[PDB]
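Since the structure comes first, as structure tokens, the remarks are kept for the end.
2 protein chains.
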Amino acid sequence: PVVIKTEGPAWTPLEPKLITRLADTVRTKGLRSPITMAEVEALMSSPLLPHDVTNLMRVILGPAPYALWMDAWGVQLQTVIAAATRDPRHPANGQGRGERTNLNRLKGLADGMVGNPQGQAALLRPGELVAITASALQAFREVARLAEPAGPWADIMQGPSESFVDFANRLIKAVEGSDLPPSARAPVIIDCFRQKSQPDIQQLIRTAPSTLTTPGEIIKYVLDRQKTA
Amino acid sequence: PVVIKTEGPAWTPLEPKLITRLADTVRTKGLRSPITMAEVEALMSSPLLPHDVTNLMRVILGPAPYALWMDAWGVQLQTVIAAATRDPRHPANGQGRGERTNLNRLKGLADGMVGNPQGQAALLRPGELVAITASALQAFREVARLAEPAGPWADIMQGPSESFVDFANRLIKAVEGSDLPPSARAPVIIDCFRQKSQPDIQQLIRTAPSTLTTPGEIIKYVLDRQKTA
């Protein structure tokens with residue numbers, strides 16, 4: 240993090256207490272939990288310098304996820320630089336050709352920046368910072384989606400002893416965290432409620448005097464009329 | 240029983256045939272059955288003299304219930320005499336202090352009454368007779384409620400082989416013949432139908448497309464849709 244003061248942009252590091260709490264969050268909840276992504280968005284609020292994001296991912300991520308994240312961050316930054324050479328009005332670019340932003344300046348590899356966060360904060364633009372930050376966030380999302388797969392939705396059955404809300408949670412999780420289009424999730428969730436969800440609940444849904452046309456309505460109906468046991 | 244004729248109040252005894260039938264009714268049906276209380280109300284129609292009620296309870300009740308009934312009758316007569324000294328306009332009392340009614344006159348222990356029903360019928364007032372009769376009826380009710388408890392309602396389950404109308408009869412009996420307020424019997428009966436009444440009928444009541452808000456409606460619904468077996 241940088242503070243743009245009168246003397247110039249002064250760099251302030253992130254608290255190691257927040258970083259330790261975020262690292263333990265990633266350690267217990269995993270990379271893909273919505274609470275973890277919310278915490279990352281929180282610590283991704285102010286535009287960070289390449290040094291900050293690099294050290295942050297070095298600390299919170301293990302070695303192999305860190306390698307994957309470096310790869311993904313490079314790819315996303317390259318897409319950004321292609322869009323930048325496709326539009327001279329990038330908030331990282333300038334009007335003349337002398338302000339064109341090279342990947343050495345984005346990854347912090349340019350002259351006067353390697354290993355020095357103060358000089359980094361000096362030469363970098365705010366548009367550069369926000370582009371780097373958005374790129375790093377998208378790369379984190381990619382790596383998180385890659386490190387742990389969503390479980391195959393079509394293999395999910397309600398166990399003989401499992402409750403129905405746990406089964407519904409697991410199924411909705413695996414269906415929404417999958418490769419289906421957004422407009423195909425609700426019908427699939429409904430038809431999986433009807434064919435999975437062991438034959439007692441199957442018959443309970445089948446003999447519904449009303450027509451249930453939404454996963455929430457099916458869940459409410461089943462929770463009302465379920466066999467207390 | 241007394242007949243207030245021109246010569247004076249002449250005492251007529253109750254038929255030993257009616258008394259024998261009532262005694263056998265109490266012997267087979269018990270003290271608390273509504274048919275028994277109706278029969279007692281029937282034989283408690285005309286105002287009886289202390290001799291009549293005393294011999295009646297001696298014949299129809301066993302020894303221990305008769306002791307209990309003597310106790311309860313004394314207590315109720317004492318409450319009556321307290322109300323009488325609290326109001327000089329009692330139909331047993333008179334206007335002056337010389338007509339105040341003592342418990343010896345109510346229990347038949349006063350002078351000219353001990354063991355003689357004719358003299359009893361002579362000196363007693365009709366208000367005295369009706370007060371004695373109501374007191375004896377209330378005492379009989381107390382002793383009947385005391386001799387046999389209502390079964391605990393919260394321990395009633397529908398047996399595996401028992402029909403539903405028998406279970407409903409037993410449950411409504413035990414709930415209405417208990418210490419609950421009158422305004423708390425219907426909700427308790429409903430919630431006991433729902434949680435007792437073994438899981439087939441439990442699920443039958445649970446999956447009711449209509450909302451059942453009365454024990455009679457629940458009974459009708461279950462009798463309609465019950466599994467004939």
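Going down the list, the protein sequences come from chains A and B.
The number in UniProt numbering is simply the position in the first sequence, starting from 1, with 239 added.
The number in UniProt numbering is simply the position in the second sequence, starting from 1, with 239 added.
In this text, a Cβ means the ideal position worked out from N, Cα and C, and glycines have one as well.
Cβ-Cβ distance between residue 366 (chain B) and residue 389 (chain B) below 8 Å: Locating residue 366 (chain B) in the second sequence gives position 127, counting from the first residue. Locating residue 389 (chain B) in the second sequence gives position 150, counting from the first residue. No.
Beta-bridge partners of residue 250 (chain B), as assigned by DSSP: Position 11 of the second sequence, counted from the start, is the residue given in the question as residue 250 (chain B). Residue pairing of residue 250 (chain B) in beta bridges, as defined by DSSP: B:241.
Three-state secondary structure assigned by DSSP to residue 368 (chain B): Locating residue 368 (chain B) in the second sequence gives position 129, counting from the first residue. Helix, per DSSP.
Where the region 427 to 452 of chain A meets chain B: residues whose CB sits under 9 Å from a CB there: Flagged, chain order: 443, 446, 448 and 449.
Between the CA atoms of residue 405 (chain B) and residue 377 (chain B) - distance to the nearest angstrom: The residue you call residue 377 (chain B) lines up with position 138 of the second sequence. The residue you call residue 405 (chain B) lines up with position 166 of the second sequence. Computed Cα separation, rounded: 30 Å.
Same chain, Cβ closer than 6 Å to residue 286 (chain A), neighbours up to 5 away in sequence not counted: Here residue 286 (chain A) refers to the residue found at position 47 when the first sequence is read from its first residue. Cβ neighbours of residue 286 (chain A) within its own chain (closer than 6 Å, five residues either side excluded): 368, 369 and 372.
Secondary structure of residue 307 (chain B), DSSP reduced to three states: Sequence index remark: in the second sequence, residue 307 (chain B) carries index 68 (1-based). Of the three classes helix, strand and coil, the one that applies to residue 307 (chain B) here is helix, per DSSP.
Within chain B, partners of residue 459 (chain A) - CB distance below 9 Å: For the purposes of this step, residue 459 (chain A) is taken as residue 220 along the first sequence, with counting starting at 1. None at all; the shortest Cβ gap to chain B is about 14 Å.
Any C-beta of chain B under 8 Å from that of residue 464 (chain A): As a first step, residue 464 (chain A) is located in the first sequence; it is residue number 225 there, counting from the start. Interface residue, yes.
Beta-carbon proximity check, residue 421 (chain A) vs residue 250 (chain A), cutoff 8 Å: Here residue 421 (chain A) corresponds to residue number 182 of the first sequence, with the count starting at 1. Here residue 250 (chain A) corresponds to residue number 11 of the first sequence, with the count starting at 1. The answer is no: Cβ separation not under 8 Å.
Rounded straight-line distance, which links the Cα of residue 443 (chain A) to that of residue 431 (chain A): Numbered from its first residue, the first sequence carries residue 431 (chain A) at position 192. Numbered from its first residue, the first sequence carries residue 443 (chain A) at position 204. If I take the Cα positions, the gap works out to 14 Å.
Pairwise C-alpha distance: residue 456 (chain B) and residue 362 (chain B): The sequence position of residue 362 (chain B) within the second sequence is 123, counting from 1. The sequence position of residue 456 (chain B) within the second sequence is 217, counting from 1. Between residue 362 (chain B) and residue 456 (chain B), the C-alpha separation is close to 56 Å.
Cα-Cα separation between residue 342 (chain B) and residue 328 (chain B), rounded to whole angstroms: The sequence position of residue 342 (chain B) within the second sequence is 103, counting from 1. The sequence position of residue 328 (chain B) within the second sequence is 89, counting from 1. Cα to Cα, residue 342 (chain B) sits roughly 17 Å from residue 328 (chain B).
Alpha helix (DSSP H) runs contained entirely in the region 279 to 337 of chain A, provided each spans 4 or more residues: 289 to 299 and 302 to 324
Spatial neighbours of residue 283 (chain A) in its chain, beta-carbon cut-off 7 Å, leaving aside the 5 residues before and after: Position 44 of the first sequence holds residue 283 (chain A). Non-local C-beta neighbours of residue 283 (chain A) in its own chain, meaning closer than 7 Å and more than five positions away in sequence, comprise 372 and 376, ordered along the chain.
Sub-8 Å separation of residue 399 (chain B) and residue 437 (chain B) beta-carbons: Locating residue 399 (chain B) in the second sequence gives position 160, counting from the first residue. Locating residue 437 (chain B) in the second sequence gives position 198, counting from the first residue. A contact, by the Cβ cut-off of 8 Å.
Environment of residue 315 (chain B) [buried if 16+ CB atoms lie within 10 Å]: For this step, residue 315 (chain B) is matched to residue 76 along the second sequence. When all chains shown are included, residue 315 (chain B) counts as buried.
Own chain residues within Cβ distance below 7 Å of residue 429 (chain A), not counting five before or after: Translated into the one-based positions of the first sequence, residue 429 (chain A) becomes position 190. Taken in chain order, the residues that qualify are 454 and 457.
Residue 465 (chain B) - containing alpha helix (DSSP H), residue span: Residue 465 (chain B) sits at position 226 when you count from the first residue of the second sequence. Neither: residue 465 (chain B) is in no alpha helix (DSSP H) and is coded neither H nor E.
Residue 323 (chain A) beta carbon less than 8 Å from that of residue 340 (chain A): On the first sequence, position 101 is the one that residue 340 (chain A) refers to. On the first sequence, position 84 is the one that residue 323 (chain A) refers to. Contact: yes.
Buried versus exposed call for residue 374 (chain A) [16 or more other C-beta atoms within 10 Å across all chains shown]: As a first step, residue 374 (chain A) must be located in the first sequence, where it is residue number 135. With 16 or more other CB atoms across the displayed protein chains lying within 10 angstroms of its CB, residue 374 (chain A) is buried.
Backbone secondary structure at residue 399 (chain B) - three-state DSSP: On the second sequence, residue 399 (chain B) is found 160 positions in, with the first residue counted as 1. Reduced to three states, the DSSP call for residue 399 (chain B) is coil.
Unbroken alpha helix (DSSP H) run spanning residue 358 (chain A), endpoints: On the first sequence, residue 358 (chain A) is found 119 positions in, with the first residue counted as 1. Note, residue 358 (chain A): alpha helix (DSSP H), 356 to 362.
Supposed close pair residue 414 (chain A), residue 440 (chain A) - CB separation, criterion 8 Å: Working through the first sequence from its first residue, we reach residue 414 (chain A) at position 175. Working through the first sequence from its first residue, we reach residue 440 (chain A) at position 201. With 8 Å as the limit, residue 414 (chain A) and residue 440 (chain A) do not qualify as a contact, their Cβ atoms being about 17 Å apart.
Any chain C beta carbon closer than 8 Å to residue 406 (chain B): Of the protein chains in this structure, namely A and B, none is chain C.
Residue nearest to residue 318 (chain A) in terms of C-alpha spacing, selected from A:293, A:345 and A:301: Here the question's residue 318 (chain A) lines up with position 79 in the first sequence. Checked all of A:293, A:345 and A:301; the closest Cα to residue 318 (chain A) is A:345.
Environment of residue 257 (chain A) [buried if 16+ CB atoms lie within 10 Å]: In the first sequence, the residue the question calls residue 257 (chain A) occupies position 18. When all chains shown are included, residue 257 (chain A) counts as exposed.
Outcome for residue 418 (chain A) when other beta-carbon atoms lying within 10 angstroms are tallied against a minimum of 16: As a position in the first sequence, residue 418 (chain A) is number 179, starting the count at 1. The residue in question, residue 418 (chain A), is exposed, as its Cβ has fewer than 16 Cβ neighbours within 10 Å.
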